[PDB]
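Just one chain follows, in the form deposited in one PDB entry, and it is written as structure tokens.
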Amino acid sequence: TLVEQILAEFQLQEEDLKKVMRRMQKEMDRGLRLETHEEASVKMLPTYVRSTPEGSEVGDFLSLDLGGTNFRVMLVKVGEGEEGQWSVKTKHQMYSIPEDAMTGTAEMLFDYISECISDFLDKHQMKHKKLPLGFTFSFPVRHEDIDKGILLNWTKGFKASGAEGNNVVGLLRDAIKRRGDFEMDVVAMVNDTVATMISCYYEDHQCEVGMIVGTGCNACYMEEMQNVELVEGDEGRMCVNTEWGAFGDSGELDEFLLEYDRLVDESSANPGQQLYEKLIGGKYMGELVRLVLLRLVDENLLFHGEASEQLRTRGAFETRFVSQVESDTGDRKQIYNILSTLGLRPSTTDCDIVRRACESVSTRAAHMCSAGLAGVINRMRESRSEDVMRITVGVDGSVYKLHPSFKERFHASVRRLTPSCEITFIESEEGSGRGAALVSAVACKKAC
């Protein structure tokens, strides 16, 4: 119980969740209003992706995806189905993100990107073509239009100087031209939430929400134009990028933050920012467990109070370890191997204890995240005149898709918080690639 008392600090009662939920809805409202959009922790960034303005140009598009620690480039074919347009990835390629490409400059960053876009073109005998380019850029961006927007700031660790504040599309072209080797036509730039939402739409027209729970955590949803005061017009609907990862950045979550959270935040590449996300995202989950394990050792409750060399090094406990630990069938073989690799020799009780630490940290991520989505869905519920609101949520991300029970816990908690709502969850198959392309196909009936 001494150990369970420490782990109990991660618990969240239903009331705590309803409180986080109400606060999220309140910050969402603040991010939308002209008078509070500037100081709002939840930016509610207009994406310019508007309510299905029929008219799609078919053909083959190129989709770029930057956000994860693995830059991807792919070709997707957009055609005309019954429901709407169909889409499919035909060719793809992944390029790891180099060191000097991160510490360097925004200039270099996109320089290397062009090198990858080219390589992809050569290796697929296609460098001799000019096609529409859909760019999935997973970061907070203030758009002026579907093909123009500036980077507010980096998240998830990226830190290329000379990026924040400039037209991201601009940087892309600026580098694509330092090549001549090829020429693309950037028709649209979207956030990964938006790409996932769009791709699921054609599968289920009721999907009006996109959510990511992977390295980072965020969501987007369809808003009524009259509520998007940062964009002239009251007619139609536009998708908004909440960037709820920064929820709590103005102290909204102060009463829930634990010592491990303050520690993770203080050593992060962005101290004081993305606090809500630091409670959920796979970029921080393993690190949280590591800190919890370290306190347990200093309390002399784990590993005989003797921490390994590796255990004391940041990022050693990878988020994938958390997921594997929770997949252990009960024979503790999985847990032992993982801890043995980190230079430890755990007992049966040490293993069970690491298991509990993981479940506490991941279970809190699931519930904390559920409050956010519940806030989004209930906010939308106010503008939905009907007994039972049926809505679909498009989801992607390693934490949500691969963690043994995150998904399950998350679903049950979200439903508990959304009375009068019938929520359907769908996972995207190449949500980003196909999403970016599908949006380029519509916006391309204006730029092409």
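All residue numbers refer to positions in the sequence shown, first residue = 1. Under this definition, the rigid core comprises the largest set of C-alpha atoms superposing within 1.5 Å between the forms.
Not on display, but discussed next: the form deposited in another entry.
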property: Residue from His124, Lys333, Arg314, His304 whose Cα, after superposing the rigid core, lies 2 Å or more away between this form and the one not shown; result: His124
property: Flag for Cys207, CA shift 2 Å or larger between this form and the one not shown after aligning core; result: no
property: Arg355 C-alpha moves between this form and the one not shown by 2 Å or more, core aligned; result: no
property: Rigid core fit then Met189 CA moved by 2 Å or more between this form and the one not shown; result: yes
property: Outcome for the Cα pair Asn70, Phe317 in the other entry, compared with this form (closer or farther; change of 3 Å or more); result: farther
property: In the other entry, whether the C-alpha atoms of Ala443 and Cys217 sit closer or farther than here (change of 3 Å or more); result: closer
